[PDB]
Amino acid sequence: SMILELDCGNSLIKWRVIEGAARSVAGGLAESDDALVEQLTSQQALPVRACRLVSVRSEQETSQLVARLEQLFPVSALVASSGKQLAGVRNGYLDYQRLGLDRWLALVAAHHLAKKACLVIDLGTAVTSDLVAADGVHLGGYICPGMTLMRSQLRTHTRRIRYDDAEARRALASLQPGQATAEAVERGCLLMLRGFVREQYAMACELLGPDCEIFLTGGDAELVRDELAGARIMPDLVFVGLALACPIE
C-alpha cells in the first residue's frame, strides 16, 4: 500500500505518491482542483491506501478537497493542524494558530533534520522565511511575495507593463540593467528576491550564529541557490514535516 501526500496552497496544489517510507513514484503540480483530479486520475492505477495533507486554504475548501480525494482513492485522509510544539520544536507565534501550516511543517522538518539552529526559506508563489534556535525554539519569521505574484501583479494589474512567457524566460539570462520591459521586471524582481535572501542570511548570522544550517525549498530555490553555496535545497521539505505531523503505519 502506498501513501498520497498533498501540499495545498492558494494558487497551487503539489502532490506525490510514496512507496515505503518516502520513495516518490509519481507527483505533480495542479493549478486547479479539476487539474488535480485529472492528474490523480491518470495515476489511479497505483495502490494508494493512505493519505495525508497540509493546507493553507480555507477550512471549507480543504474539506471539499479531502472529500474529493476520499472518492478517488480508498483512504481516510489525515490533515495537519496547528500546534504549540511538534517533534521537539516550539511554535514561535504569539498565537500559534495563526502561523501558516506550510511554514510550520517546513521549519519543524528542518530542525528535526539538522538538530541545530537553522534558517528556512521557501521560494514559492509567496516567499516565507523562518528561523529556529538550536534548542528547537522557533524565533518567528517573514512573509513576502514570490516571483509568480510579483510578475502577475505588474504584468496584468498595471497599465503599460506587457510581455509574454518566452521573453520572460530569456530575460533572466543576465541581471544587468534591463533595456526592455521584460528585462527590467524579471531582473528587478529576481534581484529583489536575491537581496531578500541575503538579508535573511545576515539576520540568521546575527541571531543564530554563522554556523546555522540553511534550508531552501520551493520552485524558485534554484534561482537563488548560488547565493548560499552550502545551503540544503530540499524540494519536498514540507512533506518531511507532514510525515512528522501525520504519522502513518
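Numbering starts at 1 and runs along the sequence shown.
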query: Residue range whose averaged C-alpha B-factor is higher in the record, 24-32 or 211-219; finding: 24-32
query: Per the entry, higher mean C-alpha B factor between 190-198 and 44-52; finding: 44-52
query: Chain-wide C-alpha B factor ranking for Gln97, given as lowest, middle or highest third; finding: middle
query: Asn91 - which third its CA temperature factor falls in, relative to the rest of the chain; finding: middle
query: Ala168 by Cα B-factor - lowest, middle or highest third of the modelled chain; finding: middle
query: B-factor third for the C-alpha atom of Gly146 within its chain; finding: lowest
query: For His112, the third of its chain into which the C-alpha B factor falls; finding: middle
